[PDB]
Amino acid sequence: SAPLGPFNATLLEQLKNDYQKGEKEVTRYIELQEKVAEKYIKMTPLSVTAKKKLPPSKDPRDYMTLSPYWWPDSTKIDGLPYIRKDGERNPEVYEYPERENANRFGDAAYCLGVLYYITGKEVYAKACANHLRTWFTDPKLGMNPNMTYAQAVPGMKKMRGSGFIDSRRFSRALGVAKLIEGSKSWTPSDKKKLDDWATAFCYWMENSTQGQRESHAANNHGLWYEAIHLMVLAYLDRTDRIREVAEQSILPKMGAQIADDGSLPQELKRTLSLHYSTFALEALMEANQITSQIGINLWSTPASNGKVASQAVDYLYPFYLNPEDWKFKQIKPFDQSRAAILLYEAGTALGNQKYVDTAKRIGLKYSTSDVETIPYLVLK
């Protein structure tokens, strides 16, 4: 049985079982994934300290990014304070190296850790561990366990927790570290350091004002906060807290954010409303991968008002079939393929075979290098 973590454990256990039996289709698929993963064996580990412009703490180990929809105001001599254009990414975001480097690290650690679980090859644990040590626990290169300066905004006077949603890029890699435990390359000292980092990160996100505020956000930020929260708690093996989070935070959030007709009105007021409805359900999808490993199905368990997450999928399904029929603001085209994994996840959790069939009809490319698609041979 697969360790508790941020992945479809059923699909991952099935892939490993078939790989070890020498099942030909799976063996070839994993051999393709190994050719994809070679670049991560070669990759120099990234660090949040690889920036020149320091955060207000003067600590290069503090994560800092620009909130993506905030732009300099041309009518101000210094451009300050920045103003918001919902749905229009300011290219200035690429001036903060950790926005993309956290994504590159997360991909590399996720791919390598999953390949170690499937194949048992030490080379993948050794390379996974190298990325994990440098990003997380190194006393010089490792990130401080906080998101204080995530999605900062020039000129903004108030503190926000909005940037915490950036954590999902590296909290998935934190969770996969559970998969390399027991390797030779991941020592007891490595585990204790990362256990301590994860405990300090969990403390920060539960007790800092920014973490508290993000825990109560009325939209997909609150849903993603608990997805991240569950990844951290599952890394730390706190299964009682996972039950408590789902019952006391995730379910009440669903019950409030799903309307009677199954729409998500907080996402409907965005300029990318079909993307943000989908993104809210992707948060529930990642939360569910974890809750369902301990017996809780987030797709069909009702809130106290009887609302269920499947209602939100039902509402969106015809627009996954035909995005052009979407009737709310969507100022960039919607990528239909983001529905494939989502409809598969929800479909199998609900026994809804129309959803699974559509997940496969949409599908994913067999040879794609997108690391989140590794477990989904079933869609390829």
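Sequential numbering from 1, following the sequence displayed.
Between 329-337 and 65-73, which has the larger average Cα B-factor in the PDB entry? Stretch with the greater average CA B-factor: 329-337.
If you average the CA temperature factors over each stretch, which comes out higher, 254-262 or 219-227? Looking at the recorded C-alpha B-factors, 254-262 comes out higher on average.
Candidate residues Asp166, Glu282, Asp240, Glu206, the one whose C-alpha B factor the record puts highest: The record points to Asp240.
Taking the Cα B-factors listed in the entry, which of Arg99, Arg213, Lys158, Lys140 comes out highest? Highest C-alpha B-factor among the listed options: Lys158.
Place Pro56 in the lowest, middle or highest third of its chain's C-alpha B-factors, as listed in the PDB entry. CA B-factor rank for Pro56: middle third.
Using the B-factor values recorded in the entry, state whether the Cα atom of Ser47 falls in the lowest, middle or highest third among the modelled residues of its chain. Tercile = lowest for this residue's CA B-factor.
By the record's CA B-factor, is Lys269 among the lowest, middle or highest third of residues in the chain? CA B-factor rank for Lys269: highest third.
CA B-factor ranking of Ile41, expressed as a third of its chain: Within its chain, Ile41 is a middle-third residue by C-alpha B-factor, going by the deposited values.
Is the Cα B-factor recorded for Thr199 in the lowest, middle or highest third of its chain? According to the entry, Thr199 has a C-alpha B-factor in the chain's lowest third.
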